[PDB]
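These notes are about the structure you will find just below.
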Protein chains: 2
Amino acid sequence: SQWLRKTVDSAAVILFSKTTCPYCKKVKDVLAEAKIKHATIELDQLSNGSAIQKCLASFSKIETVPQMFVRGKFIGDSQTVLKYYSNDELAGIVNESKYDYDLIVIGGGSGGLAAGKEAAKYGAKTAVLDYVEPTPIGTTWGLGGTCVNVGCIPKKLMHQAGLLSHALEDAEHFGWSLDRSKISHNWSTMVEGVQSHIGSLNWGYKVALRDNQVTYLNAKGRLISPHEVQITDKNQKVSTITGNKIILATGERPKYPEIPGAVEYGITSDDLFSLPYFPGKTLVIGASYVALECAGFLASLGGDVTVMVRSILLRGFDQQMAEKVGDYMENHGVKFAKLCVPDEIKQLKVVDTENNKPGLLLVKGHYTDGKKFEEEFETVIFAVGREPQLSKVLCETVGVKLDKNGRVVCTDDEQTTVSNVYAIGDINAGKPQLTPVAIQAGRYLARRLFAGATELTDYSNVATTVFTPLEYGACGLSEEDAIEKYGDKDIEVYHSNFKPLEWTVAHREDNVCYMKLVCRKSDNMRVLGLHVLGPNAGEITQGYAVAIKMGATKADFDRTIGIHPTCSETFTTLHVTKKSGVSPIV
Amino acid sequence: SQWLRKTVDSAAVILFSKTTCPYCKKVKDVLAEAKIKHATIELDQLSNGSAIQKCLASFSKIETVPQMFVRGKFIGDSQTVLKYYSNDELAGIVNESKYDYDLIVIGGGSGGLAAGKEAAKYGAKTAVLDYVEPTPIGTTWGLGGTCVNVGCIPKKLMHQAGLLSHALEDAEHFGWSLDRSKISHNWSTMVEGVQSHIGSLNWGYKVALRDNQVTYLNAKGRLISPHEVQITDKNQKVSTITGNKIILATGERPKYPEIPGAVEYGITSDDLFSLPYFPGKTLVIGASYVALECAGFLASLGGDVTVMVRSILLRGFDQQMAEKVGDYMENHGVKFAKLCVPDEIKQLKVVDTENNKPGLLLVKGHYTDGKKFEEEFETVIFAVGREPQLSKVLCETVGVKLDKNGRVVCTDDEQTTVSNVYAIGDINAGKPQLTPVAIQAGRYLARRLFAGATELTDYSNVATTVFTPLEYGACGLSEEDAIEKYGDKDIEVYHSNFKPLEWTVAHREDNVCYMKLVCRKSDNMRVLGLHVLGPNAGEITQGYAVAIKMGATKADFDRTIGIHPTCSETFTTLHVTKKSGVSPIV
Ligand SMILES: Cc1cc2nc3c(=O)[nH]c(=O)nc-3n(C[C@H](O)[C@H](O)[C@H](O)COP(=O)(O)OP(=O)(O)OC[C@H]3O[C@@H](n4cnc5c(N)ncnc54)[C@H](O)[C@@H]3O)c2cc1C
Ligand SMILES: Cc1cc2nc3c(=O)[nH]c(=O)nc-3n(C[C@H](O)[C@H](O)[C@H](O)COP(=O)(O)OP(=O)(O)OC[C@H]3O[C@@H](n4cnc5c(N)ncnc54)[C@H](O)[C@@H]3O)c2cc1C
């Protein structure tokens, strides 16, 4: 209907077909031999396919299959396409465009690369732009975005190296003869192994874009007008490229507190993952998941770590679970400067560039009680949130609407206030800032634009995992948010402590690993939120997110048989409610 | 209706109540003060509660609440119960019974202890009988059953100790300075740590039965008649105890092949987990999950291991996944004597009892091609299946029907051919032989018998995990079973290889970890079977079993956002079908 109007207008190269028709197969192999990529809509596979056939005549004047369209215009039936192919005209017909590209993606990260690769699959001439603006100290990286270079990938690899520290401790209890005195961790050796894998990913994306015929440009993009993108390369050469559809996926960069010596002497997560020297005695300022994750693995790798907290841990997360995360960290070598804020950072030593050793800094601050903070640290890491930098990316005259935070205000299909311009990932306002979210949004948007899809990205009940020393996985609402939304009387919380079987012989803690189901009483005990603290929390939580998406109830958890022995099986036998007052201990 | 007839007849002590009624609360606190345990049916919480009130008069002649029943007989209303309490008659009224116990459970294992504890909660006078018949060599254990003593618990703990072997190898790549030359495993030190935890579980169950007022009798039970159970204690003293309801939960014991020297010189999984000596050079005869699990961790702990296979691995499991399990094992130190069967076991050395060293045995066998097998092994483990031993437990004159395998033929509510006698766990014919299955069946049966529940145990789509070197988790149908059931044309299989992020820096294999979704085309692409090969497969699979229980489709997997970086997130982005012929490699 109107779907067909939007499909024809937006698709670069699309073929309307039936799977049974011989003429349709004839065109398919001709396009395959000529190496012309395209989208295919099989009308016999659709419920309203007969109605679409009738509506094609509003664009083509014919109601039969096959029907080939290029960039809003009807190209021809079976004989017409074969006419172009025999006369060697077909290549010029399919390349005919108003702009240099069908899609220009500004930002070669999680969402950007996912949108770029998916679009090229349906014959959209795609160009991806990626530029890494160096950190204050001069740290830069390759193609892949935050997650690949300075995010999930190097974070969880260092989290794993920190997990091995306690695997070495457990091994002795499990019978392994080990001299843990004379066992130390080499930071630089780990970094080299981490950066070697990131390098293969940087190279992996370059090859993938080359294989998908996507034009990769290592350049700073700037959308001067709806269709024009200004590019500045490595040589500072300035030029303009044009594109029909524009996808903004520039992401975010870490924030610095406005205090003397922060930019000059302190570092962020951007610098940490490729740091040529061991941080040593480290102060982490912030209470985000980035702050606790970074401070977590540094302490496990034998580092003297202190976390400066202004007010609370993990703002936005479940505060009962956030406390349990912090309690485990505090009991396992992580110090906390509670109710404290920094005032200034002053240098005592410059970073040893040749010996690869950290400098020395003295951090002056103050507690809420009036007491002064004055302690020396070899490395100061700032993790006080991240911000979009779209003032560098958009000229205000284009008309792309931003919120008070500087993030793009988008519709449910990622459309900006400029119709051809779209925004995905971290810069999309009000959306869960995660890697899979950006990739899902990028792929799905690319399918709607060029393949005539209707499927939108579901941003509700997106499961997360904080990779702290003891991992915390969550899917849905926090207990406090569910109570605020529906009232305390409409909320039932089933909970229980558990101990991994691995922890028993290892002589690790009882009643520390914890899980809960936040349920709505009036809605057949609907699971509103799932929360789990324990090892492999990401692997545990994932499967339940599919069930919660389908509208899982407590009864659905009860009728499902557990797998023994696992940590995740405790979700199936939950019985203790919070309202009963019965202790959740094992 | 008829539900009430069955509830009243079977329940030991039950109170029909309303949550609003003050008289009902008066009886509740009187029973709580007198420490009389009971079941409570709140009629205002039920949809048909008004209809039940009317039907109570067929048993009590009254339609009001509260109504107290003891073992099929109406005891009294609010005033009558308080009359018994004031006259000190109530204790004698609630203890009044035809038999010594309301429930006698023969078998103190997974299902048996779960059924015993749950029954006692609703005021059923319960006695659990547990006796461990020593192995041919004289190995015996405490209360808990197979899983606790010689099953899941010691299996996964030794699996973990084998997992630490490769955590030590990976640690070096993650930056840890380790001298792996001069790192060895002590078997006895591991066994002591494993048996110390099993000992706390043995003690844990004894205390739990004592706390729930369950009479534990360390005695061999024999059901001579529907209600009579003959017990033989440690002193060989023979006596008879009577019980209204009988739960058979005697489980199974490992089978021996009928060959010379098998019983005398070979051992089973029953002996392995508390073995005072290191098995050393070991031959594992069998291809079950027990066979591959035991051979898996022995090879990881530095053991020379060979597996004798008659025909195929993991019969009953997905044979594509079973091959991938075996391929990983073969590439990681596990040798396989393919198409081979044993003929005889002959002793070369007797087990060193004082030095705690293994003996020596020579195994004679033959391959299918006519070649002779003749190799020396320090330990021979038989894992050729398990069998019920109910000839020792039931006198044929009772009338309990058994199948050709010797397992109890039961209804969907676990009822035998003798109405008061029930069977749960491994001895229940045609049911998945797992620990959680037995516990679910035991708890649910105990709730139906004494608390008036209607919920039956769902035995369909029970998720499993084979804890081999590389773990394999499965939920639902195997690919070959789904094709046999619905035809090849109605089956679509989505699959992809994956690599754990942990494996990247560790320099472990690409394209070895594997997952697939077996789907039915005609049923909205319904997920019939989930299969995953990789680390933490049990934690991965569990959550999906809830979704599959709810009738998960491929679309439900697609709309669910993944968690990054995890192994389980690959299930959300599956696209490669087996029918397309596209390679599943990354
Ligand atoms: C340390 C840390 C840990 C994290 N851990 C996880 C986790 O475990 N799980 C998870 O799901 N998420 C995690 N994240 C979040 C995740 O990294 C982001 O949500 C994701 O990377 C956002 O993708 P994106 O494409 O929208 O932006 P990005 O991935 O940041 O990609 C945008 C790219 O565009 C480039 N660019 C910017 N401006 C321009 C321009 N002017 N012209 C051309 N190019 C430009 C930038 O160089 C940038 O690399 C983590 C983040 C951090 C900071
Ligand atoms: C090595 C191995 C590994 C396993 N791993 C797993 C796994 O990881 N996950 C999983 O889910 N399942 C696993 N299982 C299966 C699991 O152990 C069983 O399914 C479960 O224990 C069955 O419970 P049950 O109560 O029915 O029988 P049992 O647990 O065997 O309990 C029955 C008990 O009754 C006693 N008994 C027998 N006869 C009498 C009698 N005459 N009088 C009094 N007492 C008697 C026996 O001593 C026995 O201990 C494993 C099994 C083995 C062999």
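Note on naming: chains are A, B, ... as they come in the structure tokens, residues start from 1 per chain, ligands start from 1 in the order shown.
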Would you mind listing, as a list in words, all residues of chain A that have at least one atom within 6 Å of chain B, where only C-alpha atoms are what counts?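 Listing them in order of chain and number gives residues 161, 164, 171, 174, 175, 176, 177, 183, 184, 185, 186, 189, 190, 193, 436, 462, 464, 505, 539, 540, 543, 544, 546, 547, 560, 561, 562, 563 and 568 of chain A.
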Could you name the residues that touch segment 5-14 of chain A at 10 Å or less, counting only C-alpha atoms, but leaving out those on the same chain fewer than 3 positions away, as a PDB file with C-alpha atoms, in the first residue's frame?
ATOM      1  CA  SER A   1       0.000   0.000   0.000  1.00  0.00           C
ATOM      2  CA  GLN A   2       1.805   3.103   1.320  1.00  0.00           C
ATOM      3  CA  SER A  17       9.554 -11.450  -7.905  1.00  0.00           C
ATOM      4  CA  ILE A  36      24.763  -6.550  -9.531  1.00  0.00           C
ATOM      5  CA  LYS A  37      23.642  -6.759  -5.898  1.00  0.00           C
ATOM      6  CA  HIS A  38      19.960  -6.115  -5.157  1.00  0.00           C
ATOM      7  CA  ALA A  39      17.035  -6.685  -2.802  1.00  0.00           C
ATOM      8  CA  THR A  40      14.367  -9.249  -3.697  1.00  0.00           C
ATOM      9  CA  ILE A  41      10.710  -9.162  -2.646  1.00  0.00           C
ATOM     10  CA  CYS A  55      -0.304  -1.516  -6.653  1.00  0.00           C
ATOM     11  CA  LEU A  56       2.863  -1.939  -8.745  1.00  0.00           C
ATOM     12  CA  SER A  58       0.956   2.860 -10.019  1.00  0.00           C
ATOM     13  CA  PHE A  59       4.737   2.886 -10.568  1.00  0.00           C
ATOM     14  CA  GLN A  67       9.662  -5.860 -11.990  1.00  0.00           C
ATOM     15  CA  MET A  68      13.023  -4.138 -11.518  1.00  0.00           C
ATOM     16  CA  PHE A  69      13.363  -0.731  -9.843  1.00  0.00           C
ATOM     17  CA  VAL A  70      16.409   1.531  -9.497  1.00  0.00           C
ATOM     18  CA  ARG A  71      16.337   4.458  -7.034  1.00  0.00           C
ATOM     19  CA  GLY A  72      12.625   5.303  -7.304  1.00  0.00           C
ATOM     20  CA  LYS A  73      12.214   4.557 -11.017  1.00  0.00           C
ATOM     21  CA  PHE A  74      10.818   1.524 -12.852  1.00  0.00           C
ATOM     22  CA  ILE A  75      13.562   0.016 -15.007  1.00  0.00           C
ATOM     23  CA  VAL A  94      22.040   0.408 -12.260  1.00  0.00           C
ATOM     24  CA  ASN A  95      24.805   2.928 -11.452  1.00  0.00           C
ATOM     25  CA  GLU A  96      22.631   5.912 -12.450  1.00  0.00           C
ATOM     26  CA  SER A  97      22.236   8.144  -9.382  1.00  0.00           C
ATOM     27  CA  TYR A 101      26.451   7.267  -2.862  1.00  0.00           C
ATOM     28  CA  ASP A 102      23.095   5.750  -1.900  1.00  0.00           C
ATOM     29  CA  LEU A 103      24.218   5.743   1.735  1.00  0.00           C
ATOM     30  CA  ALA A 119      23.058  -1.806   3.020  1.00  0.00           C
ATOM     31  CA  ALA A 120      25.685  -2.879   0.458  1.00  0.00           C
ATOM     32  CA  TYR A 122      21.029  -4.983  -1.304  1.00  0.00           C
ATOM     33  CA  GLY A 123      22.960  -2.971  -3.915  1.00  0.00           C
ATOM     34  CA  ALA A 124      23.175   0.368  -2.112  1.00  0.00           C
ATOM     35  CA  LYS A 125      26.375   2.214  -3.034  1.00  0.00           C
ATOM     36  CA  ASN A 244      20.893   9.996  -0.699  1.00  0.00           C
ATOM     37  CA  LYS A 245      20.554   8.505   2.788  1.00  0.00           C
ATOM     38  CA  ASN A 420      16.990  11.465   4.691  1.00  0.00           C
ATOM     39  CA  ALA A 446      19.511  -0.674   6.415  1.00  0.00           C
ATOM     40  CA  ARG A 447      16.965  -3.425   5.652  1.00  0.00           C
ATOM     41  CA  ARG A 448      14.035  -0.995   5.812  1.00  0.00           C
ATOM     42  CA  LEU A 449      15.794   1.566   3.596  1.00  0.00           C
ATOM     43  CA  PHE A 450      17.028  -0.747   0.830  1.00  0.00           C
ATOM     44  CA  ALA A 451      15.255  -4.127   1.159  1.00  0.00           C
ATOM     45  CA  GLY A 452      11.724  -2.895   1.957  1.00  0.00           C
ATOM     46  CA  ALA A 453      11.580  -4.313   5.484  1.00  0.00           C
ATOM     47  CA  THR A 454       9.107  -3.125   8.136  1.00  0.00           C
TER      48      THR A 454
END
Segment 524-532 of chain A: which residues within 7 Å, counting only C-alpha atoms, same-chain residues fewer than 4 positions away excluded, as a PyMOL selection string? chain A and resi 472-478+514-520+537+548+551-554
Go ahead and save the picked residues with C-alpha atoms, as a PDB file, in the first residue's frame.
ATOM      1  CA  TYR A 472      25.987  -8.665  37.379  1.00  0.00           C
ATOM      2  CA  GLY A 473      23.467  -9.482  34.641  1.00  0.00           C
ATOM      3  CA  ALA A 474      20.102  -7.731  34.383  1.00  0.00           C
ATOM      4  CA  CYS A 475      17.099  -7.823  32.045  1.00  0.00           C
ATOM      5  CA  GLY A 476      14.098  -5.525  32.472  1.00  0.00           C
ATOM      6  CA  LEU A 477      13.161  -3.161  35.291  1.00  0.00           C
ATOM      7  CA  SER A 478      14.991  -2.579  38.566  1.00  0.00           C
ATOM      8  CA  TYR A 514      22.359 -13.468  44.512  1.00  0.00           C
ATOM      9  CA  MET A 515      19.392 -13.518  42.116  1.00  0.00           C
ATOM     10  CA  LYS A 516      15.855 -12.087  42.053  1.00  0.00           C
ATOM     11  CA  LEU A 517      12.723 -11.918  39.890  1.00  0.00           C
ATOM     12  CA  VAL A 518      10.684  -8.712  40.114  1.00  0.00           C
ATOM     13  CA  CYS A 519       7.092  -9.670  39.271  1.00  0.00           C
ATOM     14  CA  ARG A 520       3.732  -7.917  38.818  1.00  0.00           C
ATOM     15  CA  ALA A 537      26.229 -13.631  34.491  1.00  0.00           C
ATOM     16  CA  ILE A 548      10.959 -11.998  28.996  1.00  0.00           C
ATOM     17  CA  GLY A 551       6.166 -12.124  28.320  1.00  0.00           C
ATOM     18  CA  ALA A 552       7.462 -14.678  30.818  1.00  0.00           C
ATOM     19  CA  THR A 553       5.563 -15.269  34.054  1.00  0.00           C
ATOM     20  CA  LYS A 554       6.741 -16.828  37.337  1.00  0.00           C
TER      21      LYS A 554
END
Compile the contact shell of residue 131 of chain B as a PyMOL selection string: residues with an atom at most 12 Å away, counting only C-alpha atoms, same-chain residues fewer than 6 positions apart removed. chain B and resi 105-109+140-146+216-222+231-234+249-251+392-393
Identify all residues of segment 39-126 of chain A in strand (DSSP E or B) (DSSP on the backbone) and supply them as a PDB file with N, CA, C and O atoms, in the first residue's frame.
ATOM      1  N   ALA A  39      18.022  -6.114  -3.709  1.00  0.00           N
ATOM      2  CA  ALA A  39      17.035  -6.685  -2.802  1.00  0.00           C
ATOM      3  C   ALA A  39      15.967  -7.415  -3.609  1.00  0.00           C
ATOM      4  O   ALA A  39      15.664  -7.029  -4.741  1.00  0.00           O
ATOM      5  N   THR A  40      15.404  -8.470  -3.028  1.00  0.00           N
ATOM      6  CA  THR A  40      14.367  -9.249  -3.697  1.00  0.00           C
ATOM      7  C   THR A  40      13.137  -9.421  -2.810  1.00  0.00           C
ATOM      8  O   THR A  40      13.230  -9.925  -1.688  1.00  0.00           O
ATOM      9  N   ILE A  41      11.989  -8.988  -3.326  1.00  0.00           N
ATOM     10  CA  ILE A  41      10.710  -9.162  -2.646  1.00  0.00           C
ATOM     11  C   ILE A  41       9.907 -10.258  -3.347  1.00  0.00           C
ATOM     12  O   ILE A  41       9.427 -10.075  -4.470  1.00  0.00           O
ATOM     13  N   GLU A  42       9.790 -11.403  -2.679  1.00  0.00           N
ATOM     14  CA  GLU A  42       9.019 -12.528  -3.197  1.00  0.00           C
ATOM     15  C   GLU A  42       7.558 -12.363  -2.789  1.00  0.00           C
ATOM     16  O   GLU A  42       7.211 -12.491  -1.612  1.00  0.00           O
ATOM     17  N   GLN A  67       9.606  -7.311 -11.831  1.00  0.00           N
ATOM     18  CA  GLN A  67       9.662  -5.860 -11.990  1.00  0.00           C
ATOM     19  C   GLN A  67      10.896  -5.312 -11.283  1.00  0.00           C
ATOM     20  O   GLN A  67      11.046  -5.464 -10.068  1.00  0.00           O
ATOM     21  N   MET A  68      11.778  -4.681 -12.053  1.00  0.00           N
ATOM     22  CA  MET A  68      13.023  -4.138 -11.518  1.00  0.00           C
ATOM     23  C   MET A  68      12.943  -2.623 -11.344  1.00  0.00           C
ATOM     24  O   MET A  68      12.509  -1.905 -12.249  1.00  0.00           O
ATOM     25  N   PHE A  69      13.363  -2.155 -10.171  1.00  0.00           N
ATOM     26  CA  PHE A  69      13.363  -0.731  -9.843  1.00  0.00           C
ATOM     27  C   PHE A  69      14.759  -0.271  -9.435  1.00  0.00           C
ATOM     28  O   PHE A  69      15.467  -0.974  -8.709  1.00  0.00           O
ATOM     29  N   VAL A  70      15.150   0.911  -9.910  1.00  0.00           N
ATOM     30  CA  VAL A  70      16.409   1.531  -9.497  1.00  0.00           C
ATOM     31  C   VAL A  70      16.184   2.962  -9.002  1.00  0.00           C
ATOM     32  O   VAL A  70      15.820   3.853  -9.777  1.00  0.00           O
ATOM     33  N   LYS A  73      12.701   4.646  -9.640  1.00  0.00           N
ATOM     34  CA  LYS A  73      12.214   4.557 -11.017  1.00  0.00           C
ATOM     35  C   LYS A  73      12.106   3.118 -11.510  1.00  0.00           C
ATOM     36  O   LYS A  73      12.985   2.295 -11.247  1.00  0.00           O
ATOM     37  N   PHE A  74      11.020   2.829 -12.226  1.00  0.00           N
ATOM     38  CA  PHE A  74      10.818   1.524 -12.852  1.00  0.00           C
ATOM     39  C   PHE A  74      11.766   1.358 -14.034  1.00  0.00           C
ATOM     40  O   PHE A  74      11.818   2.207 -14.928  1.00  0.00           O
ATOM     41  N   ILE A  75      12.513   0.259 -14.021  1.00  0.00           N
ATOM     42  CA  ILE A  75      13.562   0.016 -15.007  1.00  0.00           C
ATOM     43  C   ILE A  75      13.085  -0.901 -16.135  1.00  0.00           C
ATOM     44  O   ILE A  75      13.355  -0.635 -17.311  1.00  0.00           O
ATOM     45  N   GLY A  76      12.369  -1.965 -15.779  1.00  0.00           N
ATOM     46  CA  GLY A  76      11.795  -2.858 -16.780  1.00  0.00           C
ATOM     47  C   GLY A  76      11.401  -4.238 -16.291  1.00  0.00           C
ATOM     48  O   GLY A  76      11.719  -4.630 -15.165  1.00  0.00           O
ATOM     49  N   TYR A 101      26.778   8.496  -3.582  1.00  0.00           N
ATOM     50  CA  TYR A 101      26.451   7.267  -2.862  1.00  0.00           C
ATOM     51  C   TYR A 101      24.964   7.194  -2.524  1.00  0.00           C
ATOM     52  O   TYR A 101      24.291   8.221  -2.415  1.00  0.00           O
ATOM     53  N   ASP A 102      24.458   5.973  -2.375  1.00  0.00           N
ATOM     54  CA  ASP A 102      23.095   5.750  -1.900  1.00  0.00           C
ATOM     55  C   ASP A 102      23.028   5.953  -0.391  1.00  0.00           C
ATOM     56  O   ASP A 102      22.023   6.436   0.137  1.00  0.00           O
ATOM     57  N   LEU A 103      24.108   5.580   0.291  1.00  0.00           N
ATOM     58  CA  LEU A 103      24.218   5.743   1.735  1.00  0.00           C
ATOM     59  C   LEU A 103      25.618   6.185   2.149  1.00  0.00           C
ATOM     60  O   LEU A 103      26.617   5.587   1.739  1.00  0.00           O
ATOM     61  N   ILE A 104      25.679   7.241   2.956  1.00  0.00           N
ATOM     62  CA  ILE A 104      26.921   7.659   3.597  1.00  0.00           C
ATOM     63  C   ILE A 104      26.774   7.504   5.107  1.00  0.00           C
ATOM     64  O   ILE A 104      25.917   8.140   5.727  1.00  0.00           O
ATOM     65  N   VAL A 105      27.607   6.645   5.686  1.00  0.00           N
ATOM     66  CA  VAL A 105      27.604   6.420   7.126  1.00  0.00           C
ATOM     67  C   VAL A 105      28.762   7.180   7.770  1.00  0.00           C
ATOM     68  O   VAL A 105      29.931   6.912   7.482  1.00  0.00           O
ATOM     69  N   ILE A 106      28.422   8.136   8.630  1.00  0.00           N
ATOM     70  CA  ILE A 106      29.423   8.902   9.367  1.00  0.00           C
ATOM     71  C   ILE A 106      29.653   8.249  10.730  1.00  0.00           C
ATOM     72  O   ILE A 106      28.842   8.392  11.651  1.00  0.00           O
ATOM     73  N   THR A 126      27.542   2.283  -0.915  1.00  0.00           N
ATOM     74  CA  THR A 126      27.765   2.708   0.464  1.00  0.00           C
ATOM     75  C   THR A 126      29.193   3.189   0.713  1.00  0.00           C
ATOM     76  O   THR A 126      30.158   2.589   0.235  1.00  0.00           O
TER      77      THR A 126
END
